[PDB]
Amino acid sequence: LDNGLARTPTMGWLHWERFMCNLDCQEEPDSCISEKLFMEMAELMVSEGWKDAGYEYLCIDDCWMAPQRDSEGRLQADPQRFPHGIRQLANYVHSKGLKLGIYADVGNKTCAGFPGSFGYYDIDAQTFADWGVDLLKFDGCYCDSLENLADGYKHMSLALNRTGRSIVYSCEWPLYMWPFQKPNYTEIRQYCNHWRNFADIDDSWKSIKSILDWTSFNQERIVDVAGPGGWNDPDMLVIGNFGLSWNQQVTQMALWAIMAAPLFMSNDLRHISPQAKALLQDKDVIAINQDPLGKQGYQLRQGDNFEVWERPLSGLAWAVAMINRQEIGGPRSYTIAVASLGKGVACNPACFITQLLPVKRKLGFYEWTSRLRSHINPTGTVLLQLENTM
């Protein structure tokens, strides 16, 4: 989408995976989907260094709406859980130097059952723009036809453009198309800043594995379309929650960097370990994810329960990730000729290699004839940056 936005993958925070559709503010005031929760997240995004690291978009997902539209047919936030309204919340978020994302649905209802936007694309777009919304995630539930799906996504894209406000447009179009026909990614990229390809992530290593396996299986179809203004979205970062071991969190961070993925944290910023915070705020890994060249990486090799992925970077640099998919035993040795990396260009005549994950370590100079040997933890990933000696 050539709206001048998302020139690097969007970074921010999205409530869905961690907080879902919790409406019980009587019994659970501190985790229900409310204006107070988003105020607290915004405060911590500023105070705990998230904004400094690049996490900029504070995004509302499903279950913010009142059960019905107002008298004039516009969407409204729930009166009790969002007493001051979305425009006021956006004002507060902007006063912190942050941007506000919101959620809507192309069909007749949101996935959780709140008002859909079908029939209201222009009024809903203008409402969001009036509110000061900076991002829209557009879900695909309750849509009866592929025609309605495509027409709705394109229509909302154009309506957002017509409002004249810069609004990042996040689509689930491909995901809801795939069961029936193959998405045309050129068209999607024409209309969307990023797009969900695969099933919702949850707080599990199984989820990570299946997202990675789907991405690598379909990479011939999705890798080359990505670039500044339009990214593949493998869904939220779940680092800092409950289901991932340290090495699985490392794997998610490293490979979301390799895949030039939007980095939407979905966790509790009020209760997050120092270790998870340091991983999510890792300057070198984020810099890889945010590389201005914007070329999505890919799986280079697969075998012996090992995976090698790589991503071309600005200025003749490359990122290389090595995953150990064997879920038994200990750190396993993997070796590869450096001439086999970066299409044979990365280390010709030589490269300096710096390991970034799980720990940062200068590995030294590697000649074009050299072999890179590493030990990779079960379900963990080793992430490396290669700098050609020029």
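The numbering used is simple: start at 1 and walk along the sequence shown.
A.B. asks: If you average the CA temperature factors as listed in the entry, which stretch comes out higher, 123-131 or 293-301?
C.D. replies: According to the entry, 123-131 carries the higher average C-alpha B-factor.
A.B. asks: Would 183-191 or 200-208 have the larger average of its C-alpha temperature factors, as given in the entry?
C.D. replies: It is 183-191 that shows the higher mean C-alpha B-factor.
A.B. asks: Which one of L263, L244, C143, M259 shows the biggest C-alpha B-factor in the PDB entry?
C.D. replies: Among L263, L244, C143, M259, the highest C-alpha B-factor in the entry belongs to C143.
A.B. asks: Looking at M11, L14, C25, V382, which has the highest CA B-factor as recorded?
C.D. replies: The listed residue with the largest C-alpha B-factor is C25.
A.B. asks: Quick check for you: using the entry's CA B-factors within this chain, is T163 in the lowest, middle or highest third?
C.D. replies: Tercile = highest for this residue's CA B-factor.
A.B. asks: Compare the C-alpha B factor of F352 with those of the other modelled residues in its chain, then answer lowest, middle or highest third.
C.D. replies: Its C-alpha B-factor belongs to the highest third of this chain's values.
A.B. asks: Can you tell me which third, lowest, middle or highest, the CA B-factor of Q252 falls into for its chain?
C.D. replies: Within its chain, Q252 is a lowest-third residue by C-alpha B-factor, going by the deposited values.
A.B. asks: Split the chain's modelled residues into thirds by Cα B-factor; is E72 in the lowest, middle or highest one?
C.D. replies: Highest third - that is where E72 ends up once the chain's C-alpha B-factors are sorted.
A.B. asks: Within this chain, which third does the Cα B-factor at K109 fall in: lowest, middle or highest?
C.D. replies: It belongs to the middle third of the chain when residues are ordered by C-alpha B-factor.
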